[PDB]
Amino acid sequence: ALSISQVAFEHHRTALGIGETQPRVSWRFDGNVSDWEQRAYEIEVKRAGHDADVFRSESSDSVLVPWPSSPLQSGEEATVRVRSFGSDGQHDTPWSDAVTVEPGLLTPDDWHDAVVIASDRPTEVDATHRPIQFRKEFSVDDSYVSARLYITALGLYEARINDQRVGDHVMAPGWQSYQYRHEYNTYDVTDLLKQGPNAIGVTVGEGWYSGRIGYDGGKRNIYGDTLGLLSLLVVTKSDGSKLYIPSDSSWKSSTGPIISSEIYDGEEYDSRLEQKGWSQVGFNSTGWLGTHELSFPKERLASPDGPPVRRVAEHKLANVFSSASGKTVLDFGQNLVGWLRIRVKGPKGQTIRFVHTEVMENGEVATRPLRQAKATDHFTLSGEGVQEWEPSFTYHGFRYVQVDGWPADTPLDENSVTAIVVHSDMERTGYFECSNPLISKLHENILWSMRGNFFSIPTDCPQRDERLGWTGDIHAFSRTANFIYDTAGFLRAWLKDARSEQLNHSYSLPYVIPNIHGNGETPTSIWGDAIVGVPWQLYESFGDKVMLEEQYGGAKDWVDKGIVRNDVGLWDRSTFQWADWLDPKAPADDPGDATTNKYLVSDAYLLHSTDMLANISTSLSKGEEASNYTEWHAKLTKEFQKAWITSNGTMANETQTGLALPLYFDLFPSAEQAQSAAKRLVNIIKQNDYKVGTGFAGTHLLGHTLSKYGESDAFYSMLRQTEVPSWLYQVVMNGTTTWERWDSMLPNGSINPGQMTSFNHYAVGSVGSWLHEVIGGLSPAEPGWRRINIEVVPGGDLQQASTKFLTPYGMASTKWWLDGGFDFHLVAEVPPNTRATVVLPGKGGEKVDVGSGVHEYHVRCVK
């Protein structure tokens, strides 16, 4: 009936090497108990050599409660259990399963004598960096009880101890704004050591730190021009004393089988150059070079806030086929993000080439829209039996692979090639399916676009010469994203970088974070507004007041000093603006040439940010600020009206976006003028045969706007359209991801002629929140989901839908179906320690307050 399913620290999935000495604690519940609320909890904290302490709190809080013990030291592990007591004095949990928590290296001094090292091999000039192998042998000549490896790279790393891979993180440490914040990783390497002689080997690649990043050719050596390694191995002996094995000038270095490995262009691997045993003792290191120190400020080093990038899944080969010209092509059945794993035998010195693409065009793999990203891997065989390979420091976005040079010796099939799905390994929380198979597939496609683009940072796309942390895209998508996966730690980290970048950009937000573009970009609405909107949404989703406070300064400085204003406080009308980017009527070559005025759009979003900032101020008990922004919002609402709304309530541009924004942002001077505008919006949509008419500014809000005004049936009609432009067009064209453009592929199969065309962008997938909140009915009634609204709006000829969301408290869900107006049936699951408001469908539909449990509703003759 009731248990604790998960005990977690901050927003970490697991807590090894964390940055917090007083980490907050949360527990999720499992069980079908009715109307249950917590009155108290106990946290057991065990430190080696000490009796456990038990700390009791009279509290209903089960999310982000205080660390109850003395602060943890660097490298100090505690073991924790929790139990929770019910308010009725009748249902209490057993003790949770035990979990551990341990801070990392919290100060520069905690790194002991570890320094960043580089090879004595000269770095390449005006060229990609060949990966460097670094190695060290050491002795553990005392009995030991535990060991840790603390490691990062100026680049990306893969570490081995005695030829065993250290951990399961890939593309490590990921992409931070490295000049401000540089993540390092912590691993428990106790079981990889042996008594006596040991070896550590680490391969370092260029990654984002020094690789070629950016479009229009990009730039390399952005953060530095030399591959570097920082490493500290700490072994705790039986007597509690420690051995320290630092990175320093005693290490040796060499090139190895990786010839090149680049984010965009791919990896060239020559297996003939493998040096077997290099990560083990007794190795012949003849010909290896020395190493030297690189100056580096350890003040930037940080623990991750969120989960690492991992090889999350395999995806099997679906088909092998011949192209129009007889080339061999793999089809994985899904446009995925990661790389291949091969198992193959063939002639020594024969090279296999793998060219990865999202789509086919004109009977061949389509590389054209990748621009200056080759997405091509080369593997040269050794003929020394069956070889297994995956690339190390690249990734690709693809469904198809053209394969040249595959050896006759090995059949090309599901036993010799598979796809590896790679992304930030967040906990899955949100699920949706319904009776309409196309809309169910749309949700799957949104899920896959999220997976492809939550890759250390929230990327615009994963395939071409871009993959940057575009601010506007995540602003539009995060309401959707934060339901599908637990994004809290991931976005916490990103938003720290956003703030650092902003503080060196005159309080404006760079277009992409991390910022590769310098200080020349002028402030923009929607994109710049991410520094308000993403925090606001994060708080709605996870309820973390500490994180809202850390994000406050970015939001406030943006409104106060970042936005460039005209004389009455609206946007300066000489500024560049993205605004309603990729309006389906914009020309393919000029995606910003929208049907809605860029300043009408911008000013709407200025009002929205001001409103969000007022509300955040109120949440944080900043009264002066809250009143100030409330005042500014009212004055600027008048200026918005003067600029963009005629006296009779007509918008300057009567377009889907031009109407949807002032409707959602409540910018009309009267409820009557707003209601009239809502009916005109529905009429414009109907006259457009229900085809979508919004770009990035309008799309994420369009369904919510229509539902806000009781026009869900109109949106259902849009959602069911299968002709371009629409969501399901992309589905019926065999899309398995959401596309950048409504028409990234044209109906005869040709790719959009625009130079900027991707088949894997989450922005259009912002419709997912409407599936979750309106078809599925689920939304937070209090930030963090301790109070839930359950307001299913059936329509669109759906017969049933099932939606699930793993709240911070436990599972919430709806399952509804129709039969027998109609008879409506709903099963609603409400987790322990929460309450919900169930709003049953139809005119005068009953509203019902409920507590935890499984609730069944049967509504006969719904009109």
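Sequential numbering from 1, following the sequence displayed.
Enquirer: Per the entry, how many residues of the deposited chain go unmodelled between residue 820 and residue 821: none, 1 to 3, 4 to 9, or 10 or more?
Expert: Count of unmodelled residues in between: 4 to 9.
Enquirer: Which is higher on average in the deposited entry, the C-alpha temperature factors of 785 to 793 or of 201 to 209?
Expert: Looking at the recorded C-alpha B-factors, 785 to 793 comes out higher on average.
Enquirer: Out of 361 to 369 and 519 to 527, which one has CA B-factors that are higher on average in the deposited record?
Expert: That would be 361 to 369.
Enquirer: Could you check 499, 276, 423, 292 and tell me which one carries the biggest Cα B-factor in the deposited entry?
Expert: Among 499, 276, 423, 292, the PDB entry lists the largest C-alpha B-factor for 276.
Enquirer: Among 57, 833, 807, 799, where is the Cα temperature factor highest, going by the PDB entry?
Expert: Reading the PDB entry, the winner on C-alpha B-factor is 799.
Enquirer: Pull the Cα B-factor of residue 228 out of the PDB entry and bin it into the chain's lowest, middle or highest third.
Expert: CA B-factor rank for residue 228: lowest third.
Enquirer: Sorting by Cα B-factor within the chain, modelled residues only, which third would residue 724 end up in: lowest, middle or highest?
Expert: Tercile = highest for this residue's CA B-factor.
Enquirer: Going by what the PDB entry lists, where does residue 51 fall on CA B-factor within its chain: lowest, middle or highest third?
Expert: Ranked within chain, residue 51 CA B lands in the highest tercile.
Enquirer: When the deposited Cα B-factors of this chain's modelled residues are ordered and cut into thirds, is residue 758 in the lowest, the middle or the highest one?
Expert: Its C-alpha B-factor, which the entry lists for residue 758, ranks in the middle third among residues of this chain.
Enquirer: Based on the entry's values, in what third of the chain does the Cα temperature factor of residue 855 lie: lowest, middle or highest?
Expert: Tercile = highest for this residue's CA B-factor.
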